[PDB]
Structures are given as C-alpha cells and as structure tokens.
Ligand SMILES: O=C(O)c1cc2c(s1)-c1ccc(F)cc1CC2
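Encoded as structure tokens, the following chain is the form deposited without the named molecule, with no partner shown.
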C-alpha cells in the first residue's frame, strides 16, 4: 500500500543514485510547503496514517533485498523487512508506536527492538562513531547483506547497528542534504569508500538546529548563529538562510509560516 522506491548497488552509477535520491525526495514531500526556498517535510501532527511512510526496497550484488520503512516526517529509517521478518526501532511514544503497526502487516515474524535508532544508540551498539564507519556503494552492499541475515542469526547486533548507520546516511541524510547526496555521488563516481568527514557529521548533527533557525528566522536572519564545520574540521558560523539553500534539501517541520 505505501509507495515503494527501488535501488540496487548492483551496477550502481551516479545516474541511478541521483534518480534514487530525487525519487525519495519526491515521495517525502509534495513540495507544497517551502520556506526561504527550502522544502519542509509534512507535519507529524494530524498527518493521516496513509501518508505517513514510504518504503525503500534495497537490492545488492548478491540479489538479496531488504525494504526500509521511512517516516515522511523526518525522512528516517524506522525499521525494515527482510523476507518473512520485520524489525522496528523502539518508538519514543504511543503515537509512533501506533503508527508503525501499519507497516509490514503481512510479514509473519514481527519484532520491535528494545532500543531506539538515534545515532547515539546506533554508534554505541556498533562500537563505532560515524567518523569511523565507511560509506559508499561497497559499505551499502555489505549492510544490505547484514540486514538480510539478522533474522537467522547470521548477523550480530553491532554489525546490524553499523549497517543501519550506513543505510541511514546514504539514504536519509542524502535526501535531507544536497551536500551529503553530493558526498555519496562522489564516492560512487570514483568507486571509493570512506568515512564521512567533519562537514558531513556536523551537518547531520545540525539538521534540527538548521530547520529551527530557518523556520523561526526573522525574514531569513537567524536569531543566533549556527556553527558548522569545513571538510578540514575548522569551524565557521552561518547567520542566515541564504548560504544554506544549496546545502539543505529538506527540513523537519517546526512551525507554521505566515501567508
């Protein structure tokens, strides 16, 4: 019932990845809410369940497939299905808990992890920070296999957490930020894997801050500056929405705009 987007690592190109991320963006928002030239995701409050999720069906060189479910309100992975099993992160609240019950309802084996899926938990469980986990087509290929094998005990928890970290950044974060999409496109283009640098990590850390600053801004002007990082790790401040237009592709909903 929910919309499905397909991607395969097998033969992946800059083109196929580009079309993949653009399709994900197109399914996340209707483009009806744009602020300072940046789209805002649907507001969770009052959102019909039929509009709440999209599915990303991933395949790899081994022709194994897993389907991630993404919450359109944050573009984030809430769980996945692999064959006849589905797994969900522990929901933060009753509403989200009720919402995920609508996912993967024909799957015979259904499991909700005791732990949630924010980066702090995933990094902890993986035994690695994002800075030390390689991204690219190769890592994505491997994560898909790891995810696929969890249900039969072929994958240990920390490997599963690392796999989630890879999927989330190459799909969720890429959709959220043209900049990070660009980082993955580069890796794909030159057939390389590499950990994300401080610019990517700090962007990820700042998605909420940027969303808030832009949406609460006084006619584009930030109430307070937001510090970001260059590729080399050095720090710089952003004071307004304009410089962020080429960087951010989607914002989490914070508040309503004026007419």
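Shifts are known only where both forms have a C-alpha. The term rigid core refers to the maximal set of C-alpha atoms that superpose within 1.5 Å between the two forms. Numbering follows the first chain given and starts at 1.
FYI, the form solved in complex with the named molecule isn't displayed, but the following is about it.
- With a 4.5 Å cutoff on heavy atoms, residue 229 counts as touching the named molecule in the bound PDB entry.
- Mapping the unseen interface onto this chain, residue 250 falls outside it, with no heavy atom inside 4.5 Å of the named molecule in the bound PDB entry.
- Although the partner is absent here, residue 14 is not a contact residue: none of its heavy atoms lies within 4.5 angstroms of the named molecule in the bound PDB entry.
- Among residues of the shown chain, residue 199 is one whose heavy atoms approach the named molecule to within 4.5 Å in the bound PDB entry.
- For the options 214, 66, 203, 40, the one in contact with the named molecule in the bound PDB entry, meaning a heavy atom within 4.5 Å, is 203.
- No residue of the trio 111, 157 and 161 has any heavy atom within 4.5 Å of the named molecule in the bound PDB entry.
- Interface residues of 230-254, taken as those with a heavy atom within 4.5 Å of the named molecule in the bound PDB entry (partner not displayed): 230, 231, 236, 238, 243, 244, 247, in sequence order.
- Among the candidates 220, 31, 208, 225, displacement between this form and the one not shown reaches 2 angstroms at the C-alpha for one position only, 31 (superposition on the rigid core).
- Note: residue 244-residue 31 Cα separation is 3 Å or more longer in the bound PDB entry than here.
- Distance between the C-alpha atoms of residue 248 and residue 31: longer in the bound PDB entry than here (change of 3 Å or more).
- Segments of at least three consecutive residues in which every Cα is displaced by 2 Å or more between this form and the one not shown, once the core is aligned, are found at 30-32, 34-36.
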